[PDB]
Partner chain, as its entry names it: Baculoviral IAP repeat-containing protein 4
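Shown below, as structure tokens, is a lone chain in the form solved without the partner chain; questions about how it binds or moves come after it.
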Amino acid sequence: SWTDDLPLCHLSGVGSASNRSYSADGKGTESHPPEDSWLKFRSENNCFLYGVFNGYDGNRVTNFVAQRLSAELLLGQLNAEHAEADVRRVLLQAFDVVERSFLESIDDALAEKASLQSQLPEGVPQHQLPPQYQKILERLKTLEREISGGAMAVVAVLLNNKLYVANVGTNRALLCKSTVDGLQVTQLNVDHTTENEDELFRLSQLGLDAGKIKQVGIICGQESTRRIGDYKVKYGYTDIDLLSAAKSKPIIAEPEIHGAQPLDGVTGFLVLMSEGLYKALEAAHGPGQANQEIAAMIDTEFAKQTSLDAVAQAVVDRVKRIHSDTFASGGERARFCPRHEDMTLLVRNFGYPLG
């Protein structure tokens, strides 16, 4: 890739771990291929790009997004002179192009799929479909993998000490400021879910019954109400009860862009993390505990570790043992930790002391 080619940011570190399901007769785990990803890039005249992505239904979309977002932001589209309004524009455009070009990229395969299904008798067994139809089924399996996938993303750009955050979904960005009273933690973006009132509003404005969706709180295995890709919800929502009423795409790919944070004289760090990381902590420790806890865990590791990568990885490791132990013991919460998802934690340092 042309991504694999240039400047990594030395002021950031990443830690990660793959999804895991704990074995029934406990001693061993199971994992599906990981679907998280990230990026930490520094381009000319000091503008930085960081992102953490959470995919589902394969990792093709998370890679497509990482790759394309880069292409749309690090080849000159940016330069610290633009000022908020412009940078927001550029971010909004980069996300639009990523979504559109992604949908365009699977159009052919979609048509070929329709054409193959047309040749297949419907509602007939995985098996017991004359072997004559097997070559078709296979080709359909191959296309399904090509077209499948969705991804949530949280991206942050650093344009001349001003920090911008673009978010689509439920990954999170936390600004951890070291003061004199301790560490102040503020989540820069908002989780796009049924619990998000503004998202619930948007959804009702489309003709969906907010009441029922708010109650179920999850749309086809995913909580995020904003996602990139996923042909299933972008095109077949009318065919999904919970959304069947939408008069417009209920799940959108538009990013919510946040403020513009000044970083002159601030000391601390930025955290970008995937949904699997915090959902594992809260599954072990309970509702709403994650931001504070993770920031503290990171604070702690900052004193021991010798790299930002070790810092981030130590925290990820800590969260999985907490989760693993919780399941392993059996005191209530165990029922909540039968498995966990991919975890990614990127830390961008802002003068905070490192061991």
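We call the rigid core the largest set of C-alpha positions that still match within 1.5 Å between the two forms. Numbering follows the first chain given and starts at 1.
The same protein has a further form, the form solved in complex with the partner chain, not shown here; the description that follows concerns it.
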{"query": "Non-hydrogen atom within 4.5 angstroms of the partner chain in the bound PDB entry for each of 186, 197 and 261", "finding": "yes"}
{"query": "254, 107, 144, 138 - the one with a heavy atom within 4.5 Å of the partner chain in the bound PDB entry", "finding": "254"}
{"query": "Sole residue of 285, 202, 82, 232 within 4.5 Å of the partner chain in the bound PDB entry, by heavy atom", "finding": "202"}
{"query": "In the bound PDB entry, segment of 67-75, 85-93, 153-161, 277-285 with a heavy atom within 4.5 Å of the partner chain", "finding": "85-93"}
{"query": "Contact flag, residue 226 vs the partner chain in the bound PDB entry, heavy atom cut 4.5 Å", "finding": "yes"}
{"query": "Answer among 190, 245, 266, 71 for the CA shift between this form and the one not shown that reaches 2 Å or more, rigid core superposed", "finding": "245"}
{"query": "Rigid core superposition, residue 148 Cα moves 2 angstroms or more between this form and the one not shown", "finding": "yes"}
